[PDB]
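Below is one structure; the comments refer to it alone.
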Amino acid sequence: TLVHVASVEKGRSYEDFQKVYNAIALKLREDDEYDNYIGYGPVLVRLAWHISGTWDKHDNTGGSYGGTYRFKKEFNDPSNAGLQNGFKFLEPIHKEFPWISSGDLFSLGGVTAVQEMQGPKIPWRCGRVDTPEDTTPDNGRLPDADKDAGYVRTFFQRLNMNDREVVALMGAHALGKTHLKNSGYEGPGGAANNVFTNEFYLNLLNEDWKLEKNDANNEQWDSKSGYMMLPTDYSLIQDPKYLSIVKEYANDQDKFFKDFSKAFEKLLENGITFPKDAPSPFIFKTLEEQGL
Ligand code: HEM
């Protein structure tokens, strides 16, 4: 398996990264019209996950380290359709801060989005290093949505995630929406789709779901409230082990926040070796905490 050692951008420290965080956060506030006023928060979270979710624990291919989403093979992955919006959002950030690596920028985008949307603090570590075009993972490593709980469970073993980690991570599906033109699925998972809450779990348990076909001829679960769940989302209440965890997070906001924070940091760090003398993880202040 490949070794990717975190290497701090030369001479940079917490304050440098807080400035990048702030620039992302200010642009999130400014560019509010995007996606019928959802804003860019959700797509940045999805970008951070997709650049990380190519990882394979077996050989340390893929993962956030190399920033390989910048290469055509990966940005043109059908699984990544729509993420170009997140990349374009981050372009002026990268122009202002050309010293940050691509993997650091993409992952920090996700952290910033979660926190600015009132989610948990997510500790974040710098030191991802851009790797060459030939290190770009092939398409097909990101998950299908038309599958069942067994598929989800097996899929996430490749990312070294257990049942609790999987169910926690999936709570991000409160954010944003599915777009028919991107993925063949349409609609949001709830009402508060640019605020980070545990609504995904409450909606799974409390809505009256009907298995319908959308306009792309794909099945999805729909409620009269106008919400949807992917087959993979709904699988979390079909499987008895996932169901107990869904109930736990539906009943404990703080526990969900803490578990999501750990799993999301882990996701963003998979594949990276941090030297023993590497800086401790950074916890960035929100704009609100800074009075900005
Ligand atoms: C079985 C695993 C998963 C599947 C099958 C899946 C599938 C999907 C699909 C089909 C979409 C709609 C894309 C579009 O039409 O624009 C989506 C959106 C999204 N996903 Fe996932 N996802 C999974 C796990 C995750 C994880 C682990 C996270 C992050 C922790 C995540 C975060 C998001 C977010 C934030 C959106 C909304 C994007 C937007 O509004 O532009 N997903 N997902």
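Count begins at 1; order follows the chain as displayed.
The backbone N, Cα and C atoms fix where each Cβ goes, and this holds for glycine too.
According to Swiss-Prot, the listed position annotated as phosphotyrosine out of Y151, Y201, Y242 is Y151. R46 (site 'Transition state stabilizer'): 22 other CB atoms within 10 A of its CB, across all protein chains. Around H50 (active site, proton acceptor), the same-chain residues at least 6 positions away in sequence with a Cβ under 8 Å from its Cβ are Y69, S79, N80, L83, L142.
Straight-line distance linking the Cα atoms of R46 (site 'Transition state stabilizer') and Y151 (phosphotyrosine), rounded to a whole number, equals 20 Å.
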